[PDB]
file start-v8.cif (mmCIF, C-alpha atoms)
data_coords
#
loop_
_atom_site.label_atom_id
_atom_site.label_comp_id
_atom_site.auth_asym_id
_atom_site.auth_seq_id
_atom_site.Cartn_x
_atom_site.Cartn_y
_atom_site.Cartn_z
CA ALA Z 1 111.76 118.30 94.07
CA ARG Z 2 115.47 118.57 93.27
CA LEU Z 3 117.11 115.70 95.20
CA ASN Z 4 116.54 111.97 95.03
CA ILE Z 5 115.11 110.41 98.21
CA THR Z 6 116.89 107.22 99.31
CA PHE Z 7 115.49 104.98 102.05
CA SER Z 8 117.71 102.47 103.79
CA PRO Z 9 116.03 99.05 104.13
CA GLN Z 10 115.14 99.72 107.78
CA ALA Z 11 113.95 103.26 107.04
CA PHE Z 12 111.62 102.06 104.30
CA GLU Z 13 110.22 99.38 106.61
CA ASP Z 14 109.63 102.12 109.20
CA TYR Z 15 107.95 104.23 106.52
CA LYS Z 16 105.69 101.40 105.35
CA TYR Z 17 104.80 100.61 108.97
CA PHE Z 18 103.56 104.18 109.41
CA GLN Z 19 101.65 103.97 106.11
CA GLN Z 20 99.63 101.14 107.70
CA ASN Z 21 99.50 102.23 111.35
CA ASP Z 22 100.08 105.99 111.68
CA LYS Z 23 99.47 108.03 108.52
CA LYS Z 24 100.03 111.26 110.48
CA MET Z 25 103.68 110.21 110.82
CA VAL Z 26 103.93 109.65 107.05
CA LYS Z 27 102.58 113.13 106.38
CA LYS Z 28 105.05 114.68 108.82
CA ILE Z 29 107.97 112.73 107.31
CA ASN Z 30 106.97 113.98 103.86
CA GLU Z 31 106.87 117.56 105.18
CA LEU Z 32 110.32 117.17 106.73
CA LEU Z 33 111.71 115.84 103.44
CA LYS Z 34 110.31 118.83 101.55
CA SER Z 35 111.91 121.19 104.08
CA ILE Z 36 115.27 119.42 103.74
CA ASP Z 37 115.13 119.62 99.95
CA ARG Z 38 114.18 123.31 100.09
CA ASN Z 39 116.31 124.62 102.98
CA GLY Z 40 119.12 122.09 103.45
CA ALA Z 41 120.13 119.79 106.27
CA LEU Z 42 120.05 122.14 109.25
CA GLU Z 43 117.29 124.76 108.78
CA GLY Z 44 113.54 124.36 108.93
CA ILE Z 45 110.80 122.55 110.80
CA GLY Z 46 111.54 119.65 113.13
CA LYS Z 47 114.30 121.14 115.32
CA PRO Z 48 117.13 119.96 113.03
CA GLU Z 49 120.25 118.78 114.84
CA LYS Z 50 123.54 117.14 114.06
CA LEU Z 51 123.37 113.49 115.06
CA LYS Z 52 125.13 112.68 118.33
CA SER Z 53 127.74 110.48 116.69
CA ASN Z 54 131.46 109.85 116.42
CA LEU Z 55 130.85 109.99 112.64
CA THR Z 56 130.12 113.27 110.89
CA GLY Z 57 127.51 113.78 108.20
CA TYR Z 58 124.16 112.74 109.69
CA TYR Z 59 121.34 114.92 111.00
CA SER Z 60 117.94 114.41 112.60
CA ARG Z 61 114.53 116.09 112.60
CA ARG Z 62 111.63 115.54 114.99
CA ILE Z 63 108.68 113.57 113.62
CA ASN Z 64 106.94 113.52 117.00
CA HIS Z 65 108.08 113.61 120.64
CA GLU Z 66 109.19 109.96 120.38
CA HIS Z 67 110.72 109.59 116.91
CA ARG Z 68 113.22 111.46 114.76
CA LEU Z 69 114.03 111.20 111.08
CA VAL Z 70 117.77 110.52 110.66
CA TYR Z 71 119.28 111.51 107.33
CA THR Z 72 122.25 112.83 105.40
CA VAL Z 73 122.35 115.13 102.37
CA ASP Z 74 124.70 115.54 99.43
CA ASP Z 75 124.34 117.01 95.94
CA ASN Z 76 122.48 113.93 94.67
CA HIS Z 77 120.08 112.71 97.35
CA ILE Z 78 118.68 112.71 100.84
CA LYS Z 79 119.62 109.38 102.43
CA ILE Z 80 117.30 108.27 105.24
CA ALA Z 81 118.73 105.90 107.85
CA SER Z 82 115.73 105.73 110.20
CA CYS Z 83 112.20 107.02 110.78
CA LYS Z 84 111.94 105.94 114.45
CA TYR Z 85 115.17 107.17 116.07
CA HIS Z 86 115.57 108.28 119.67
CA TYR Z 87 118.91 108.83 121.37
CA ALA T 1 115.28 94.21 102.83
CA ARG T 2 118.71 94.19 101.14
CA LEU T 3 118.78 97.17 98.76
CA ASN T 4 118.15 100.84 99.40
CA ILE T 5 115.03 102.33 97.78
CA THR T 6 115.71 105.53 95.83
CA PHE T 7 112.86 107.71 94.55
CA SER T 8 113.54 110.24 91.83
CA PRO T 9 111.67 113.52 92.41
CA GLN T 10 108.96 112.55 89.92
CA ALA T 11 108.69 109.04 91.37
CA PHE T 12 108.25 110.30 94.93
CA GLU T 13 105.63 112.77 93.68
CA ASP T 14 103.80 109.84 92.04
CA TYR T 15 104.15 107.76 95.22
CA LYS T 16 102.72 110.51 97.43
CA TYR T 17 99.93 111.03 94.89
CA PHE T 18 98.88 107.42 95.45
CA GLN T 19 99.22 107.87 99.22
CA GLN T 20 96.62 110.63 98.92
CA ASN T 21 94.37 108.98 96.30
CA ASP T 22 94.61 105.16 96.32
CA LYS T 23 96.38 103.41 99.18
CA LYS T 24 95.98 100.03 97.47
CA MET T 25 98.26 101.34 94.71
CA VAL T 26 100.88 102.15 97.36
CA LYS T 27 100.61 98.57 98.63
CA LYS T 28 101.09 97.16 95.12
CA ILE T 29 104.15 99.37 94.55
CA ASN T 30 105.60 98.18 97.86
CA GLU T 31 104.97 94.57 96.82
CA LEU T 32 106.69 95.11 93.46
CA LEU T 33 109.74 96.56 95.22
CA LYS T 34 109.92 93.55 97.54
CA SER T 35 109.84 91.23 94.51
CA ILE T 36 112.61 93.19 92.77
CA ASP T 37 114.74 93.08 95.91
CA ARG T 38 114.20 89.33 96.35
CA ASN T 39 114.14 88.08 92.74
CA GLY T 40 116.03 90.62 90.62
CA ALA T 41 115.00 93.10 87.97
CA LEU T 42 113.20 90.72 85.59
CA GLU T 43 111.84 87.95 87.86
CA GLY T 44 108.53 87.91 89.70
CA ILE T 45 105.13 89.59 89.85
CA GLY T 46 103.97 92.43 87.64
CA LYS T 47 105.08 91.17 84.20
CA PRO T 48 108.62 92.61 84.34
CA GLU T 49 109.86 94.03 81.04
CA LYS T 50 112.90 95.92 79.88
CA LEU T 51 112.31 99.56 78.96
CA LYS T 52 113.36 99.88 75.33
CA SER T 53 113.35 103.67 74.90
CA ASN T 54 114.26 107.03 76.48
CA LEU T 55 116.18 105.48 79.39
CA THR T 56 119.15 103.14 79.48
CA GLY T 57 119.09 99.99 81.58
CA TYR T 58 115.64 100.50 83.11
CA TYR T 59 112.76 98.06 83.55
CA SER T 60 109.04 98.27 84.27
CA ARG T 61 106.46 96.29 86.23
CA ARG T 62 102.69 96.60 86.14
CA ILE T 63 101.04 98.39 89.07
CA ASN T 64 97.59 98.31 87.49
CA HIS T 65 96.08 98.48 84.00
CA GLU T 66 97.12 102.11 83.49
CA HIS T 67 100.39 102.51 85.44
CA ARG T 68 103.78 100.82 85.42
CA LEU T 69 106.63 101.23 87.89
CA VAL T 70 109.87 102.17 86.10
CA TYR T 71 113.10 101.33 87.87
CA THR T 72 116.69 100.17 87.61
CA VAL T 73 118.78 98.08 90.00
CA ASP T 74 122.36 97.76 91.17
CA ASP T 75 123.64 95.84 94.18
CA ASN T 76 123.13 98.91 96.40
CA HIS T 77 119.74 100.32 95.44
CA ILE T 78 116.57 100.18 93.42
CA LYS T 79 116.17 103.56 91.69
CA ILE T 80 112.60 104.46 90.71
CA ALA T 81 112.00 106.90 87.86
CA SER T 82 108.20 106.78 87.77
CA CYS T 83 105.10 105.14 89.24
CA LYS T 84 102.78 106.28 86.39
CA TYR T 85 104.54 105.07 83.24
CA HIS T 86 102.68 103.96 80.13
CA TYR T 87 104.25 103.27 76.74
CA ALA U 1 90.22 109.28 111.88
CA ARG U 2 93.20 111.49 110.97
CA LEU U 3 91.98 114.19 108.57
CA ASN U 4 90.04 117.25 109.67
CA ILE U 5 86.56 117.53 108.11
CA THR U 6 85.81 120.96 106.64
CA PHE U 7 82.30 121.86 105.47
CA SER U 8 81.79 124.77 103.13
CA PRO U 9 78.83 126.92 104.24
CA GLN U 10 76.66 125.30 101.56
CA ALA U 11 77.79 121.76 102.42
CA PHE U 12 77.02 122.22 106.12
CA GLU U 13 73.57 123.55 105.19
CA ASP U 14 72.98 120.45 103.05
CA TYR U 15 74.31 118.25 105.87
CA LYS U 16 72.01 119.85 108.45
CA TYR U 17 69.15 119.63 105.94
CA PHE U 18 69.62 115.85 105.85
CA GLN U 19 69.97 115.75 109.66
CA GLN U 20 66.41 117.11 109.78
CA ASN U 21 64.77 115.55 106.72
CA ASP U 22 66.58 112.32 105.76
CA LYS U 23 68.88 110.70 108.35
CA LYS U 24 69.61 107.93 105.83
CA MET U 25 71.63 110.43 103.81
CA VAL U 26 73.67 111.57 106.82
CA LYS U 27 74.61 107.96 107.56
CA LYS U 28 75.92 107.49 104.01
CA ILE U 29 77.82 110.80 104.05
CA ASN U 30 79.59 109.82 107.28
CA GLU U 31 80.51 106.47 105.74
CA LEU U 32 81.94 108.20 102.65
CA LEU U 33 84.07 110.50 104.81
CA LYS U 34 85.44 107.50 106.71
CA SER U 35 86.25 105.71 103.45
CA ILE U 36 88.08 108.73 102.01
CA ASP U 37 90.20 108.92 105.16
CA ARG U 38 90.88 105.18 105.23
CA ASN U 39 91.52 104.50 101.53
CA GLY U 40 92.38 107.81 99.86
CA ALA U 41 90.31 110.18 97.74
CA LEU U 42 89.64 107.80 94.83
CA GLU U 43 89.26 104.37 96.48
CA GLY U 44 86.33 102.72 98.22
CA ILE U 45 82.56 103.10 98.50
CA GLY U 46 80.53 105.61 96.53
CA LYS U 47 82.01 105.08 93.04
CA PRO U 48 84.66 107.82 93.42
CA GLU U 49 85.32 110.05 90.42
CA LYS U 50 87.31 113.14 89.60
CA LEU U 51 85.16 116.24 89.13
CA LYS U 52 85.87 117.44 85.59
CA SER U 53 85.62 121.15 86.41
CA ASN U 54 83.71 123.77 88.52
CA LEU U 55 86.76 123.65 90.85
CA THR U 56 90.32 122.36 90.63
CA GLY U 57 91.34 119.01 92.08
CA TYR U 58 87.90 118.00 93.37
CA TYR U 59 86.28 114.56 93.52
CA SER U 60 82.80 113.16 93.94
CA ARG U 61 81.22 110.11 95.55
CA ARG U 62 77.64 108.87 95.29
CA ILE U 63 75.42 109.52 98.30
CA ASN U 64 72.20 108.24 96.70
CA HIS U 65 70.84 108.03 93.16
CA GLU U 66 70.34 111.80 92.80
CA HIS U 67 73.07 113.41 94.94
CA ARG U 68 76.86 113.21 95.13
CA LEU U 69 79.34 114.38 97.75
CA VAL U 70 81.85 116.83 96.20
CA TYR U 71 85.14 117.22 98.04
CA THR U 72 88.86 117.81 97.83
CA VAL U 73 91.68 116.55 100.05
CA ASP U 74 95.09 117.68 101.21
CA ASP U 75 97.46 116.54 103.95
CA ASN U 76 95.27 118.18 106.58
CA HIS U 77 91.60 117.83 105.71
CA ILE U 78 88.75 116.69 103.55
CA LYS U 79 87.02 119.83 102.28
CA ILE U 80 83.38 119.33 101.29
CA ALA U 81 81.85 121.71 98.76
CA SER U 82 78.41 120.11 98.45
CA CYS U 83 76.25 117.22 99.67
CA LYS U 84 73.62 117.58 96.91
CA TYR U 85 75.58 117.70 93.63
CA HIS U 86 74.32 116.46 90.28
CA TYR U 87 76.05 117.19 86.98
#
call {"tool": "encode", "arguments": {"input": "start-v8.cif", "output": "C-alpha cells"}}
result
Amino acid sequence: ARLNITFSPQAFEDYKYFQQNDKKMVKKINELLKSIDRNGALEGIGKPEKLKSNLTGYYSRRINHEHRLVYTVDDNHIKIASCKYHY
Amino acid sequence: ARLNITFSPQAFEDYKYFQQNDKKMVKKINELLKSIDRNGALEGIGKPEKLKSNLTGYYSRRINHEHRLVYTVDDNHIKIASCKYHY
Amino acid sequence: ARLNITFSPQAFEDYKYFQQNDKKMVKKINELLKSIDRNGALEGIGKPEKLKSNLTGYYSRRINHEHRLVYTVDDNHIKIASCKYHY
C-alpha cells in the first residue's frame, strides 16, 4: 500500500501468463508483494532469501516449489525481475 | 516488452480488484499497456488523451465506458496512477 | 476450479432442497459457481449484480426467474449466503 510495484518486461509477461494459466500463482504473488510492502525484503511468508548472486540487492520468495519471485526494494518501489525463477 | 510496468498503490489495488471481479477488464488493461509500449503515450487503441488536471504529464486511455487507465511514460517505465479514472 | 466453495448453513439447505425437488436449479447453480471462478465475481452468466445491502461486499446472480444466488468472494473461496434470494 506504500510502495510502487514495478514489473520488469519479463516479470510482467510471467505475471500475465499466470493470470491466464494458473491464477493460484497470481494470488500467491500478490500475497508475497503485500508481505514485502508490510515487513520488508527479508521477513515474512515465502522463505525470503538473498539471491545467490555476485551482485547485491536482490531477494527471492517462494511462490511454489518450482518458482520464486525475485525482487529488490528501495524507498520508492518493489522491483520484480522474475516470477518463475529457480536457481 | 521494452518498458517496465509500474503500478502506484492505488493502481495495483484497482488492478487486483478487476482480477477478482472482471477478468476481461484485466485483459483490456494489459492490451492498453502493450499499445503504449509499442506506439507511445498518445498513439493506438483506447482513445488516448492527455490528462488536463490534477496531475502533470499524465495521459488516459479507455478501459470501458466507466473506467480509464491513467498513466505516464518515460523511456524506462510506464507508471500507472489509476485503472478507475473518470473525469 | 481454484476457489473453495463455502455454503452457509442456509445456502446448503437450499442447495440440498433443490437436489431433492428441482435438479434443474442445482445444474444452474453449479454453472454459476464455475463462471464466478472462471471470470470473476461480476462477469459471465446469471446477470451478475452487486447486492446493495443486507451484507457487505456481496453479489447476486440469477438462478431462475424467482431466485438469485447471493455470494461473496475473496482470494480463497466463494461464500454462498443463499440460493433462494429475491429482493
call {"tool": "resolve_selection", "arguments": {"input": "start-v8.cif", "expression": "the PyMOL selection byres ((chain T) within 9 of (chain U))", "output": "PyMOL selection string"}}
result
chain T and resi 18-24
call {"tool": "calpha_fit_rmsd", "arguments": {"input": "start-v8.cif", "fixed": "chain U", "moving": "chain T"}}
result
0.4 Å
call {"tool": "atom_distance", "arguments": {"input": "start-v8.cif", "atom1": "atom CA of residue U:6", "atom2": "atom CA of residue U:67"}}
result
18.9 Å
call {"tool": "residues_around", "arguments": {"input": "start-v8.cif", "residues": "stretch 29-34 of chain T", "least_positions_apart": "4", "cutoff": "7 Å", "atoms": "only C-alpha atoms", "output": "VMD selection string"}}
result
chain T and resid 25 38 45 to 46 63
call {"tool": "resolve_selection", "arguments": {"input": "start-v8.cif", "expression": "the PyMOL selection byres ((chain U and resi 78-81) around 10)", "output": "JSON, numbers by chain"}}
result
{"U": [3, 4, 5, 6, 7, 8, 9, 10, 11, 12, 14, 33, 36, 37, 41, 55, 58, 59, 60, 69, 70, 71, 72, 73, 74, 75, 76, 77, 82, 83, 84, 85]}
call {"tool": "atom_distance", "arguments": {"input": "start-v8.cif", "atom1": "atom CA of residue T:1", "atom2": "atom CA of residue T:52"}}
result
28.1 Å
call {"tool": "atom_distance", "arguments": {"input": "start-v8.cif", "atom1": "atom CA of residue Z:64", "atom2": "atom CA of residue Z:28"}}
result
8.5 Å
